[PDB]
There are 4 protein chains.
Amino acid sequence: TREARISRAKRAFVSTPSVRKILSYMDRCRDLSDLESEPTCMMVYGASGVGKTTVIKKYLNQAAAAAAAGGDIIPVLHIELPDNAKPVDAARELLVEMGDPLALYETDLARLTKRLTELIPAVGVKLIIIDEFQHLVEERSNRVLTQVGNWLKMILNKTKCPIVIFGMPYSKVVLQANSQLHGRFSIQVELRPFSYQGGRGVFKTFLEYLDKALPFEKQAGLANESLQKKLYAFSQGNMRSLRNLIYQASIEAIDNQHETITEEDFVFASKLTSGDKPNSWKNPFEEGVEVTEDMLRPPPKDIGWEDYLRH
Amino acid sequence: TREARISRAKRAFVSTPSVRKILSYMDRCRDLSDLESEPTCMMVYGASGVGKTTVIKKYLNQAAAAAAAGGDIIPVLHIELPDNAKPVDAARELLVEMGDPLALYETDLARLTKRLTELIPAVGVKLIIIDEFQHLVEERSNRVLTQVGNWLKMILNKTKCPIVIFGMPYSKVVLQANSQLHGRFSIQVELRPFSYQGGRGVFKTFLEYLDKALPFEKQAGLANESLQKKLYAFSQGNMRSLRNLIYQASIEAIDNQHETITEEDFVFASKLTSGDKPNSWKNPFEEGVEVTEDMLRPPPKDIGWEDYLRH
Amino acid sequence: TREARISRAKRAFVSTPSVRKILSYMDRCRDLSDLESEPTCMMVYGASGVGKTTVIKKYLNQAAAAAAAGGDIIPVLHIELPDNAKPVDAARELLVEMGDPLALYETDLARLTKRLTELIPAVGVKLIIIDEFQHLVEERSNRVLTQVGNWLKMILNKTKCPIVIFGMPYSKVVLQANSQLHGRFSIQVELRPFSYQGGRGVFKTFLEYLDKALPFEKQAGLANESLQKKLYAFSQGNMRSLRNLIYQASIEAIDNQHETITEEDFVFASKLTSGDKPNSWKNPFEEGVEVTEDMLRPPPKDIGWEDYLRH
Amino acid sequence: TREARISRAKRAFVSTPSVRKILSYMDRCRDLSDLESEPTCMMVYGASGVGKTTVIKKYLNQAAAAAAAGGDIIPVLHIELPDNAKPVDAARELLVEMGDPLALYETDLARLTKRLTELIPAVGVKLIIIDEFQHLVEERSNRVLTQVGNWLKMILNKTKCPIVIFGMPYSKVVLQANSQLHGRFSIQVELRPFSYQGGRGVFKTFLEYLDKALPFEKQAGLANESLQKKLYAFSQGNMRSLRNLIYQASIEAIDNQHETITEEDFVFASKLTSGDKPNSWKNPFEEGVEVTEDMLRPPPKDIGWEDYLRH
Ligand SMILES: Nc1ncnc2c1ncn2[C@@H]1O[C@H](COP(=O)(O)OP(=O)(O)OP(=O)(O)O)[C@@H](O)[C@H]1O
Ligand SMILES: Nc1ncnc2c1ncn2[C@@H]1O[C@H](COP(=O)(O)OP(=O)(O)OP(=O)(O)O)[C@@H](O)[C@H]1O
Ligand SMILES: Nc1ncnc2c1ncn2[C@@H]1O[C@H](COP(=O)(O)OP(=O)(O)OP(=O)(O)O)[C@@H](O)[C@H]1O
Ligand SMILES: Nc1ncnc2c1ncn2[C@@H]1O[C@H](COP(=O)(O)OP(=O)(O)OP(=O)(O)O)[C@@H](O)[C@H]1O
């Protein structure tokens, strides 16, 4: 098995230009906010499985590895909002995250704000990052709760720490609720999936950078004339499912004697990870499924919005 | 009576290839998830009485017998979700299950998440398995609650422990609620009942492996030309009712002098366990009921879905 | 009695060349229509009791037995139009027939067309067959309603599924109503009854194939020099009455000790099934009725048209 | 069989100059209407089976293939009016056609006009095309309903989108009902069938372009001195029946060993598709039928008007 090759095949990262555009903007946000005056407050979108958490873990690596190895400073922070977040609920988890506090046996929402606003200059927080903004909409109706939104405006105007919010593409109507939240968050971006399969894409260079990143030491055989056809036939532009199927083929090749990912084990990888796909999506690998041109069609605009049509 | 023969007739297990396919996939999931990076998160389906609980008890036997006899490690865990599960309700029972905690006199849902995420690396949990996913749909309407779903995504992204969910076939629309839950659960399988009676089935080999597994030391007389006809006439493909009727015949044969299951006591076993069957299902054993070809017809696709049509 | 012999005497089928000509044309229509472009849309005629329903049940046997035993595909469909069919009335019964829908508590005729045109590629309908086209003419006048005709053109041009219409010979003036229906239905055939008695007919071979098909294991005595004379004297060319009288003799022979259909029990069969015949038709079997040559005269052209003269 | 040759023999298109005259006029109508001021509103006629639907599918190919592959724009639209169209009935189907709406559970005819007039600039409709205008006349009487006509004038004057109406030649009296509809539709054309067989016709070049379009790789033998005689004897000028008989011969030649359509299999094609023809039409192919000069007579003016004489 040689589990080093397995973990080294799973932990692989390809920097598409949108990702480095993002990380450049967050360093821009980090040492552009001067902690004297009003911050910049970027907002990042992206659908399910487009690489968001990988982006922020890249960011806390390249921004906080040496400063977390040096001492208890914690300049950048990483937060997910729990579902249907009460303002005291999000505030207390954001508080027990940073520092070494006890911090949550009292739930009073004024005095823990006191403790968090005295601690946010005490350890020297350079940036606060929130992962999951779509948790503030109701399940069965599309009312949105902005107790946490006005609380986040309060902690923004209290201490001038920059905030970078990630979230689903349907989570922006929450920002359409509070207009002061809408104006305070100026930079919204678009981390949409891979666009086309027609040729000379960013998809190409991503694919062959992943190919040299793979643990097989000669060639992976991928990013070819017909392979990206069935690859884009399998995953829409969907980064998580593409990488998942690729990893599930790579483990199958390293289970036995195999020199590269080839045409006997990539099929069984299509057999496993075909579960999340819809019924009208077509299964292209086993016996005779040639792929029409309409099925490599680019992803629509409401690609991170199908959590929202039904209600 | 000789109760050893009774318990040894009840506890009998036949490994059909779908079961070993499952258990191979869960060892694949166990030492494929590296506990560094993102897990694999299999999902298992199956209707009522298709052998699910027997599969997981086989699994905790073959995976945790020696490690539970060695010390307090508890690498694999077994959980059922209680009905209409609150997120704190499922979390506290999942917490009192593992370790030796007190764990449930406080119901605060942030600090018990704290305790569970510090304990899930402390004892070294290799796998968490949930039995009953269909308990998250409402009785009278088909609203589904995904407080527990977003909480399970939270505990998935917090600590990278693999999760194997079992459940009813109509319970997958719950996974259709949250698209991030849908994408995070890639491997969905199909544990459907026995398909046909026409000949050269998996049903055959299952039947005669059960026949050699029976406590009668010469031959059970089953898996014959006409016996599987009335067997598939009694149980649809339904593993629980087939095994139940077989056990109820075996006890009747060992109650008195009988050398094998035969044509006087298998009838009284059809007399007892005919209660759960529908009205239009035909009762084939007593006096003259010859079985038409249409009544050995394979089970439909909505065979684990008749909890769902009426509302 | 031995009811196997009774059902095996009733369910007997003789393939005259017009029937196999038909079934060849409907397989021609099935895999000639490519479901990309414009279909072929055969029309079949035939008077009362000429074997139409038996032909289509033969067809769904030989075309859909294995595919209906395999799963829920339903490639070929079987429809009768109810009398004075409203377009929503025919559409809703054609809808509840295929698939497993609820489908008829709403009667809106635009949204059920929506459901039927999304379902006709969803299950993969290869062919739609309609039995009763003569139900679209008014009783007391010969106005014909073509709401259903233009609706059938609409569903024909919407999805390109081939349609095979059966019906009475006077039902073709309905197709003379809409000229686009007239041009879209190109292949009209003629399933007329048996032509003559005079010798070397198709009637001969049909008769002795029925004779070997009968449950009597030596000879039926039929298709002889004088027996087909009184047979064609009884039934005009009328398949239903000929087969009905033959079956009513065969049951009378198997009621008691009889070795073949003979000249004591075939008479009582003429006594029973002489009711539907006209007054000027002559009753030839009992005491002395020798049959003239003019009474074996071939059937006229308006043999499926006597529902139409009076108004 | 080689189904590629079958579909490639069915999908063949010959551009007679009237068709390219039409398509030139609809591009003229598309980018002559400026969407600022009053549109041009062409009207197209033609009898049954003269190639209308093929013309518009050619048009949406050559006008909307790349723009439908690019994104959700849908510049040109394709509509058939259902039979006896209510204004809300035609409006709701024209609405669910374009865009991705729900659109038809409310039938209120003022608010769906609101939605359609805000959506017709939202997606950027360049052209609306209606197939079936003859559905607005009553069956049994020649009253015509112009609720849909005044509604179409309303949507024409509301947003200035050009409209191209196809329809039967007897459907123009509907346009004679509303004089404002009559004046708003200026360009009416004449897509009549093929005129003569006497020599040097457009029929000639059409016939040999179809001959080189056929799947037989040497010569089809057609468009000769005597073959177009019996061809025009079979089909009047009728494009659908001519192409249908030609296709039914081509399949018969490719069923067995045959090198071209010849004089044994073209006859059986005349045997099949002779059903839609009238009684006084003469059947010319089998044994000795030489064709008089009067039977190649040009089609009359009321050739798309025989749906209209009887009432
Ligand atoms: N740049 C990249 N190069 C290689 N693999 C990547 C890259 N980005 C993402 N992936 C893969 O995609 C998978 C999904 O990552 P991630 O969870 O960050 O997406 P996401 O949009 O955050 O999904 P979710 O929002 O549901 O958490 C990861 O397992 C990772 O291996
Ligand atoms: N492989 C097998 N060999 C022999 N017997 C089996 C096998 N699988 C299941 N059974 C029998 O079927 C019965 C039902 O088992 P089980 O409860 O696991 O099914 P289930 O689908 O989990 O039902 P439920 O979901 O309602 O608990 C058991 O009593 C067991 O004896
Ligand atoms: N080929 C055949 N061989 C033997 N019997 C036949 C054959 N065709 C028809 N019959 C007999 O004729 C009887 C009438 O059949 P059927 O109802 O199909 O005729 P039909 O024209 O459809 O009458 P209707 O239109 O009134 O239903 C059947 O009971 C059947 O037994
Ligand atoms: N230019 C052409 N070249 C070759 N074949 C053609 C051409 N035009 C039409 N056809 C053939 O004629 C047949 C009838 O086409 P179409 O339905 O468009 O006529 P139509 O007048 O629209 O009939 P309807 O109005 O009843 O739909 C088609 O199957 C097509 O194959």
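Analysis parameters
- Residues numbered from 1 in each chain as written, not as in the entry; some residues may be left out.
- Chains lettered and ligands numbered in written order.
- Part of a larger assembly, values for the part shown.
- Heavy atoms only, no water.
- Core = buried A, V, L, I, M, F, W, Y, C linked by side-chain atoms within 4.5 Å.
- Buried < 20%, exposed > 50% of the residue type's maximum accessible area, 1.4 Å probe, protein only.
- Helix = DSSP H or I, 4+ residues; strand = E, 2+ residues; numbered from the N terminus.
- Contact = heavy atoms within 4.5 Å.
- Near = heavy atom within 4 Å.
- Polar contact = N/O pair within 3.5 Å; in protein donor to acceptor, adjacent residues only side chain to side chain.
- Areas by Shrake-Rupley, 256 points an atom, 1.4 Å probe, with all protein chains shown as cover.
- Nonpolar A, V, L, I, M, F, W, Y, C, P; charged D, E, K, R; others polar.
- Buried area = accessible area lost by both parts, 1.4 Å probe.
- Salt bridge = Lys/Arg side-chain N within 4 Å of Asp/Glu carboxyl O.
- Pairing = 2+ DSSP bridges.
- Axes fitted to C-alpha atoms, helices over the stretch in contact; angles between N-to-C directions.
- Right-handed = clockwise from strand over helix to strand, strands pointing away.
- Patch = residues over 30% accessible without salt bridge, like charges linked within 9 Å, V, L, I, M, F, W, Y side chains within 5 Å.
- Parallel < 35°, antiparallel > 145°, perpendicular 65-115°, else oblique.
- Expected span 1.5 Å × (residues − 1).
- Bend = angle between axes of the 7 residues up to and from the residue.
- Disulfide = S-S within 2.5 Å.
- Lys, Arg positive; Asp, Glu negative; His and termini not counted.
- Charge placed at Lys NZ, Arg CZ, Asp CG, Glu CD.

This entry lists cryo-EM as its structure determination method and reports a resolution of 3.9 Å.

(A) Summary view of the nonpolar core. Core analysis: the biggest nonpolar cluster contains 44 residues, and B:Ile163 and B:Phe185 have the highest contact counts within it. At the level of elements, β1 (76-79), α4 (87-97), α5 (111-122), β2 (127-130), α6 (147-158), β3 (163-165) and α7 (172-175) of chain B are the ones that each hand at least two residues to this core. Ignoring any residue separated from it by four or fewer positions in sequence, one finds B:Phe185 in contact with A:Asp276, B:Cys41, B:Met42, B:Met43, B:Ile163, B:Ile165 and B:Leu175. In terms of nonpolar packing, the next biggest core, distinct from the first, is built from 42 residues, C:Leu81, C:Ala103, C:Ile130 and C:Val137 among them.

(B) Layout of the site of ligand 3. Residues and elements named next belong to chain C. Around ligand 3 there are 13 residues in total, and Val14, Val50, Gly51, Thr53 and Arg240 lie nearest to it. Here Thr53 contributes a side-chain N or O atom positioned 2.5 Å from an oxygen atom of ligand 3. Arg240 is positioned such that a nitrogen or oxygen atom in its side chain is 2.8 Å from an oxygen atom of ligand 3. Surface burial for ligand 3 is 84%, taken as the share of its 620 Å² of free accessible area covered by protein chains. If you list the elements that add at least two residues to the shell around ligand 3, you get α3 (52-70) and α11 (239-255). Looking at the shell around ligand 3 residue by residue, the class counts come to six nonpolar, four polar and three charged.

(C) Spatial organisation of unusual backbone geometry. Not every positive phi belongs to a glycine, and A:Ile74 is a case in point at roughly 45 degrees. One can find A:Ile74 in the loop between α3 (52-70) and β1 (76-79). The backbone of C:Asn84 sits at a positive phi, close to 55 degrees, despite the residue not being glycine. With respect to the helices and strands, the residue C:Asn84 is situated in the loop between β1 (76-79) and α4 (87-97).

(D) Seen up close, the interface of chain B and chain A. Contacts between chain B and chain A engage 29 residues on the former and 32 residues on the latter. Counting the surface lost from both chain B and chain A, the interface buries some 2700 Å², and carbon and sulfur atoms represent 46% of this. Our count for the chain B to chain A interface comes out at two salt bridges. Here B:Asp34 ties to A:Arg11 by a salt bridge, and the two come within 3.8 Å at their closest N and O atoms. Applying the counting rule to chain B against chain A returns five residue pairs in polar contact. Every element with two or more residues in the side of chain B that touches chain A is listed here: α2 (17-30), α6 and α8 (179-184) of chain B. In terms of residue count, the dominant contributor to the side of chain B that touches chain A is α8(B) (five residues). Along the lines of polarity and charge, the residues of the side of chain B that touches chain A split into eight nonpolar, 12 polar and nine charged.

(E) Highlighting the sheet that holds strand β1 (residues 76-79) of chain D. Residue and element names in this part refer to chain D. Spatially, the three strands line up as an open sheet ordered β1-β2-β3, and their pairing is parallel. Edge positions in the sheet fall to β1 and β3 (163-165), since each has one partner strand and no second. Strand after strand, the sheet turns through a mean of 15 degrees between neighbouring axes, direction not considered. As paired strands, strand β2 (residues 127-130) and β3 are joined by three bridges and run parallel to one another. By the bridge assignment, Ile130 is partnered in β3 with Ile165. Each of β1 and β2 touches helix α4 (residues 87-97); the most contacted strand, β1, lies at about 135 degrees to it.

(F) Region of the structure containing the pairing of β2(D). Both faces of β2(D) are covered, namely the face carrying D:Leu127 and D:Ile129 and the face carrying D:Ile128 and D:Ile130. Since β2(D) and β3(D) lie parallel, the crossover through helix α6 (residues 147-158) of chain D that links them has a hand, and here it is right-handed.

(G) Region of interest: the sheet that holds β1(A). Residues and elements named next belong to chain A. A sheet is described by the order of its strands in space; here three strands give the open sequence β1-β2-β3, paired in parallel fashion. Where the open sheet ends on each side, the last strands, each with one partner, are β1 and β3 (163-165). Across this sheet, the average inter-strand angle for adjacent strands is 15 degrees, counted without regard to direction. Of the strand pairs in this sheet, β1 and strand β2 (residues 127-130) are connected by four bridges, and their pairing is parallel. Following the sheet pairing, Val76 is matched in β2 by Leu127.

(H) Main features of the site of ligand 2. All names here are of chain B. Lining the immediate surroundings of ligand 2 are 13 residues, of which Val14, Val50, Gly51, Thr53 and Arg240 lie closest. Interatomic distance of 2.4 Å between a backbone N/O atom of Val14 and a nitrogen atom of ligand 2. At 3.1 Å, a backbone N or O of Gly49 approaches an oxygen atom of ligand 2. Coverage of ligand 2 by the protein chains reaches 84% of its 630 Å² of free accessible surface. Split into classes, the residues belonging to the shell around ligand 2 amount to six nonpolar, four polar and three charged.

(I) Just a nonpolar patch on the surface, in detail. Residue and element names in this part refer to chain B. Among the surface-exposed residues, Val96, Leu102, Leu104 and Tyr105 lie close enough to one another that they form a single nonpolar patch of about 420 Å² accessible area. Mapped onto the elements of the fold, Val96 is located in helix α4. Taking the relative accessible area as the measure of exposure, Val96 reaches 36% and is therefore partly exposed.

(J) Inspection of the pattern of salt bridges at higher detail. Residue and element names in this part refer to chain A. Enumeration according to the criterion identifies 22 salt bridges over all chains in this entry. Between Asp108 and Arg111 there is a salt bridge, with its nearest N and O atoms 2.7 Å apart. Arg111 sits in the partly exposed class, given a relative accessible area of 49%.

(K) Representation of the packing of α4(D) against α6(D) within the structure. Residues and elements named next belong to chain D. As a packed pair, α4 and α6 sit with axes 8 Å apart at the nearest point and diverge in direction by 50 degrees. With respect to their mutual orientation, α4 and α6 come out oblique. For the pair α4 and α6, contact is made by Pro87, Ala90 and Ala91 and by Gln147, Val148 and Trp151, respectively. Its residues placed into classes, the contact of α4 with α6 shows five nonpolar, one polar and no charged.

(L) Spatial organisation of α3(C). Residues and elements named next belong to chain C. Between its terminal C-alpha atoms α3 stretches 27 Å, which fits the 27 Å expected from 19 residues at 1.5 Å a residue. At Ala64, α3 shows its maximal kink, close to 60 degrees. Residues of α3 that are buried: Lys52, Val55, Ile56, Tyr59, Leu60 and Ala64. Buried-residue contacts for α3 involve α2 (17-30), β1 and β2 (127-130).

(M) Quick look at the arrangement of the chains. Over all C-alpha pairs, chain A and chain C never come within contact, reaching a minimum spacing of 9 Å. Taking C-alpha atoms only, the smallest gap left between chain B and chain D, which are not in contact, amounts to 20 Å.

(N) How the structure looks around the state of the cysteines. Within this structure, the stated rule accounts for zero disulfides over all chains. The structure places no disulfide on A:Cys29, whose sulfur is separated from the nearest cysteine sulfur, that of A:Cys41, by 7.0 Å.

(O) Inspection of a positive patch on the surface at higher detail. Together, C:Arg140, C:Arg143, D:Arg140 and D:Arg143 line one region of the surface with positive charge. Inspection of the secondary structure puts D:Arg140 in the loop between β2 and α6.

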